[PDB]
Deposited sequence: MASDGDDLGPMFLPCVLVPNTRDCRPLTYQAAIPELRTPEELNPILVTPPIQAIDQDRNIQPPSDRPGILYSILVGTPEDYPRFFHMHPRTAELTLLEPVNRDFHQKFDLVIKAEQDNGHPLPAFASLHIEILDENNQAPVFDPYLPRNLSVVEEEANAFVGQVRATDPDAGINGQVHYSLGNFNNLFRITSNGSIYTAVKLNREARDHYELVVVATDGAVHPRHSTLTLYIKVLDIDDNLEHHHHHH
C-alpha cells in the first residue's frame, strides 16, 4: 500500500513509530522589503520525502487570516517568499499550517507548523543626557576610584530601548558598570599621563543594535 510524505526531520516519539510534529521557525524584521529579505530563512529547512512519485508543498491554513497577502510558498521547493513589508503594529506573528502531499497517487498528506515572528524595528539610538558633566577629575595612585557617571536613554520599546554601557577605548585603565558608573581599573600616575579622552558607548538591546558615543575628558590629579 502507498505511503505518503513525511516532513524532515522525523524524530520518533519514543515507544511509537510516530514522528514528532514539527514547528518550523522564521523571523522577519518589520518594515523591511521583500527584495531585502527573500528568500525567508526557515529553521530547520522545510523538506518532506515520500516514506516509500513527486511532492507538493502548500500553506493549508493560518492566522492571522490575511497571511496570503504576505507569504507565498513555492509548491515544489517549499521556498518561502515575503510579498509585502510587514508592519508590527498590525501583525506580531503568524502561525501557519503547512502540508506536503504526494503528486501521483492518493495525497496521504503530512502536516507541520510554521511560526513566523515579526521583529520590532529598532528605530532610535540611545541618547546621552545632554547636561552630563564631561570634564572629570580623579586622583592618581588609586585603583577602583570613582571617576564619574553617565546616563543615556532610548525611546524604543522593549529590548530596543534597553541601554547598555561600554568603553570605546582605555579598557585596560577604566571600567564602566551597567548603571553607567566609571571607575579606574588601575592606579593612574599623573607624572606619566595626566589626561585621557575617554569614549563611552551606549548600545541598545536590539537584535540589530544602535549605538551612540560620548567623549569624557579625564584629568588625573596629584595626591597632594
query: Unmodelled intervals of the deposited chain, in order; finding: 1-5, 58-66, 239-248
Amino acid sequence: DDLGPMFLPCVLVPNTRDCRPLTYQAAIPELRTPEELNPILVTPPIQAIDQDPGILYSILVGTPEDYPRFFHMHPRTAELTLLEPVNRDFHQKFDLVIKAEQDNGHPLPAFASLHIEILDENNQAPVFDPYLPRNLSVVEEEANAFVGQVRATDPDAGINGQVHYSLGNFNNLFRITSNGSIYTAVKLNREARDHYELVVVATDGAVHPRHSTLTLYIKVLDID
From here on, numbers count along this sequence of modelled residues.
{"item": "Mean temperature factor over C-alpha atoms, higher-scoring stretch between 100-108 and 145-153", "value": "100-108"}
{"item": "Which of 13-21 and 207-215 has higher mean CA B factor, as the PDB entry lists it", "value": "13-21"}
{"item": "Most elevated Cα B-factor in the entry, residues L198, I59, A48, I159", "value": "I159"}
{"item": "Given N135, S113, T81, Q124, the residue at which the Cα B factor reaches its maximum", "value": "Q124"}
{"item": "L167 CA temperature factor, ranked by third within the chain", "value": "lowest"}
{"item": "Position of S181 among the chain's modelled residues by C-alpha B-factor, lowest, middle or highest third", "value": "middle"}
{"item": "Ranked C-alpha temperature factor of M73 among modelled chain residues, by third", "value": "lowest"}
{"item": "Third of chain Cα B-factors occupied by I40", "value": "lowest"}
{"item": "Chain-wide C-alpha B factor ranking for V139, given as lowest, middle or highest third", "value": "highest"}
